[PDB]
Amino acid sequence: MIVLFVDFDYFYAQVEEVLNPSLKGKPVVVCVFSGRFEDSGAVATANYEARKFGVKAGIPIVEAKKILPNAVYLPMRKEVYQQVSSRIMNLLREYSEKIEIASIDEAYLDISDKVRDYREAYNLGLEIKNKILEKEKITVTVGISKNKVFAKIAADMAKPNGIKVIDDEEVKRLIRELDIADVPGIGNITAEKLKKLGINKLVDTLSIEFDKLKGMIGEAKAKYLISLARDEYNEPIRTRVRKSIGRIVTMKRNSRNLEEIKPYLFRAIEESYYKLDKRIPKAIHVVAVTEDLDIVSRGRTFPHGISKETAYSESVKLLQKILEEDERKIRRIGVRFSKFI
DNA sequence: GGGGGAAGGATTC
DNA sequence: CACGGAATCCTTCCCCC
Ligand SMILES: Nc1nc2c(ncn2[C@H]2C[C@H](O)[C@@H](COP(=O)(O)OP(=O)(O)OP(=O)(O)O)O2)c(=O)[nH]1
Ligand SMILES: [Ca+2]
Ligand SMILES: [Ca+2]
Ligand SMILES: [Ca+2]
């Protein structure tokens, strides 16, 4: 099997440069301003001129202007990035039918057919790299390997804007050398539970009795790591379909008053229905982020679609169920719609 | 002992 | 001080073969 992985570099920031070329070369930071105060918010991402100094996705904007006071700080523009992404995804459909769009800027191309070996695949990468760069002025990193996880690992290793092929030969040396933490799907939490069991490398998952492993990280992830270890992992490339849709806004002041939160909740519902773009949801979830950033939610599934009024009246109930069952103050509030008819 | 759903939470990118 | 959107899992609970 030959799976090619494409990943747009520092995407949001790089799109911002495309829409305004005079930004090339300068440190750029795409932000999400909460409106809780002067420059309150977080960093969605930044180009590399700013990533070298520590600025990066996740960190606050206040903590970012301390390091790079003169960087260009732009507000996030989802809508736009969504379009640009889509245009680029449609260019990839030109190279294969078996394509999986894993996120706004990840994509896996299945080319087991149209290729014989990695050298006949390497060129295919450049044909795509130097094609998106041309049609859309956007730079990307290509990862090539026997399967998805390794196609993905390849890309991680060649960024920014590059291309690395990981063939059957090397895959074997990585199942040994490679640090388990850098394996797609092993966050800081899973990466720790594993050190605790002496599994610092992919190959070490064979020296532990499965059951002891199924208790520590759940069965799904256990079979997962193992498959990779015994080099027999080969998940197909299916077309993932949207299952839920939502919006979570941040409030100006962390509160608990029902009438103070309702407005935000509604504004979230309005946008949620807009995005629903003529899709009827059977399930509604009211999610909230407590004062200590813990995420709490309550929801309900109906036996029929949820009209907008239903949505309004039902979300106010699920909310009270949170302010009741929980006592902490609420920072961010939002909704999620799922189980589409 | 299941199937099978639903609900609330964990964890990853 | 740290936004935002969605997917896959896990555990528990429930009704009832
Ligand atoms: N709002 C928000 N968006 C994020 C966050 N992290 C990642 N994203 C979004 C914006 C990124 O452009 C997009 C896709 O790429 P990544 O997620 O890989 O970020 P980036 O483009 O820097 O990837 P790269 O490190 O270059 O491989 O995901 C985050 O913490 N908050
Ligand atoms: Ca990226
Ligand atoms: Ca990525
Ligand atoms: Ca990792």
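Naming convention: chains lettered A, B, ... in sequence-line order (proteins, then strands); numbering from 1 in each chain.
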Next on the checklist: Quick check: on DNA chain C, is the nucleotide nearest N254(A) upstream (toward 5') of the one nearest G246(A), or the reverse? Name the residue that is more 5'.
Outcome noted: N254(A)
Checklist entry - Tell me: NZ of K339(A) to P of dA6(C), nearest whole Å? => result 18 Å
Item to check | Separation of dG8(B) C1' from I295(A) CD1 (nearest whole Å) | outcome: 12 Å
Next on the checklist: So does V28(A) get a backbone contact from the side chain of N47(A), meaning a donor-acceptor N/O pair under 3.5 Å?
Outcome noted: yes
Next on the checklist: On the nucleotide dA6(C), are OP1 or OP2 found under 4.0 Å from the side-chain N or O atoms that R336(A) carries?
Outcome noted: no
Next on the checklist: Can you tell me if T190(A) touches the phosphate of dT12(B), counting only side-chain N or O atoms and a distance under 4.0 Å to OP1 or OP2?
Outcome noted: yes
Checklist entry - Which one is paired to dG5(B), where only Watson-Crick or G-U wobble pairs with both distances under 3.5 angstrom count? => result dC13(C)
Next on the checklist: For a quick check of understanding: with a heavy-atom distance under 4.0 Å over all strands, which category does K275(A) fall into, base, sugar-phosphate or nothing?
Outcome noted: sugar-phosphate
Checklist entry - Of the candidate nucleotides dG5(C), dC3(C), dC13(B), which contains the atom at the shortest distance from the side chain of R331(A)? => result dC3(C)
Item to check | Length of the line joining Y12(A):OH and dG5(C):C1', which is rounded to integer Å | outcome: 8 Å
Item to check | Short side-chain donor-acceptor distance under 3.5 Å, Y312(A) and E270(A) | outcome: yes
Checklist entry - Side-chain N or O of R298(A) less than 4.0 angstrom from OP1 or OP2 on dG9(B)? => result yes
Checklist entry - Does one hydrophobic cluster hold both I186(A) and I217(A), with members joined at side-chain heavy-atom distances below 4.5 Å? => result yes
Item to check | Exercise: do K26(A) and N70(A) side chains pair donor with acceptor under 3.5 Å | outcome: no
Checklist entry - When all nucleic acid strands are considered with a 4.0 Å heavy-atom cut-off, which category describes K66(A): base, sugar-phosphate, or nothing? => result nothing
Checklist entry - Rounded to the Å, how far apart are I101(A) CD1 and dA6(C) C1'? => result 15 Å
Checklist entry - Base, sugar-phosphate alone, or nothing: which one does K56(A) contact when heavy atoms must sit under 4.0 Å apart? => result nothing
Next on the checklist: Any base atoms under 4.0 Å from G58(A), or only sugar-phosphate, or nothing? Heavy atoms, all strands.
Outcome noted: base
Checklist entry - Can you check whether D167(A)'s main-chain N or O pairs, donor with acceptor, with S145(A)'s side chain at less than 3.5 Å? => result no
Item to check | Polar contact flag, side-chain donor to acceptor under 3.5 angstrom, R332(A)-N254(A) | outcome: no
Item to check | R51(A) charged N/C atom sitting above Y48(A) aromatic ring, 6.0 Å / 45° | outcome: yes
Checklist entry - Atom CG of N188(A) and atom P of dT11(B): how far apart are they, to the nearest Å? => result 12 Å
Next on the checklist: If you take any heavy atom closer than 4.0 Å to DNA chain B, which residues from residues 300-310 of chain A end up in contact?
Outcome noted: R300(A), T301(A)
Next on the checklist: Does a side-chain N or O of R332(A) approach OP1 or OP2 of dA2(C) to a distance below 4.0 Å, or not?
Outcome noted: no
Next on the checklist: Just the rounded figure in Å: distance from P of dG4(C) to CD of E79(A).
Outcome noted: 13 Å
Item to check | Rounded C1' spacing from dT11(B) to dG4(C) in Å | outcome: 16 Å
Checklist entry - With a distance cut-off below 6.0 Å to the six-membered ring centre and an angular limit of 45° from the axis, does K282(A) pair with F340(A) as a cation-pi contact? => result no
Checklist entry - Honestly, is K214(A) close enough over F210(A), meaning NZ or CZ under 6.0 Å from the six-membered ring centre and within 45° of the axis? => result no
Checklist entry - Hey, is the side chain of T250(A) poking within less than 4.0 Å of OP1 or OP2 on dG4(C), counting only N and O atoms? => result yes
Checklist entry - Could you give the CG-to-P distance, from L293(A) to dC1(C), as a whole number of Å? => result 8 Å
Checklist entry - Reckon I186(A) touches a base, only the sugar-phosphate, or nothing at all at heavy-atom distances under 4.0 Å? => result sugar-phosphate
Item to check | Distance flag, aromatic centroids of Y273(A) and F337(A), threshold under 6.0 Å | outcome: yes
Next on the checklist: Mind checking if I245(A) touches a base, just sugar-phosphate, or nothing, with heavy atoms under 4.0 Å?
Outcome noted: sugar-phosphate
Checklist outcome for this item: Per side chain to side chain contact (heavy atoms under 4.5 Å, CB included), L4(A) is matched among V115(A), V165(A), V142(A) by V142(A)
Nucleotides 7-11 of chain C: which of its N/O atoms have a protein N/O under 3.5 Å away?
from    : atom 1 : to      : atom 2 : distance (Å)
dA7(C)  : OP1    : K243(A) : N      : 2.6
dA7(C)  : OP1    : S244(A) : N      : 3.4
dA7(C)  : OP2    : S244(A) : OG     : 3.4
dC10(C) : OP1    : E219(A) : N      : 2.8
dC10(C) : OP1    : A220(A) : N      : 2.6

Next on the checklist: Expressed as a whole number of angstroms, how long is the span from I322(A):CD1 to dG9(B):P?
Outcome noted: 9 Å
Checklist outcome for this item: Checking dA10(B), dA2(C), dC1(C) against the side chain of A42(A) (C-beta onward), the nearest is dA2(C)
Next on the checklist: So if I take every side-chain heavy atom of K321(A) and compare against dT11(B), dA10(B), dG8(B), which nucleotide ends up nearest?
Outcome noted: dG8(B)
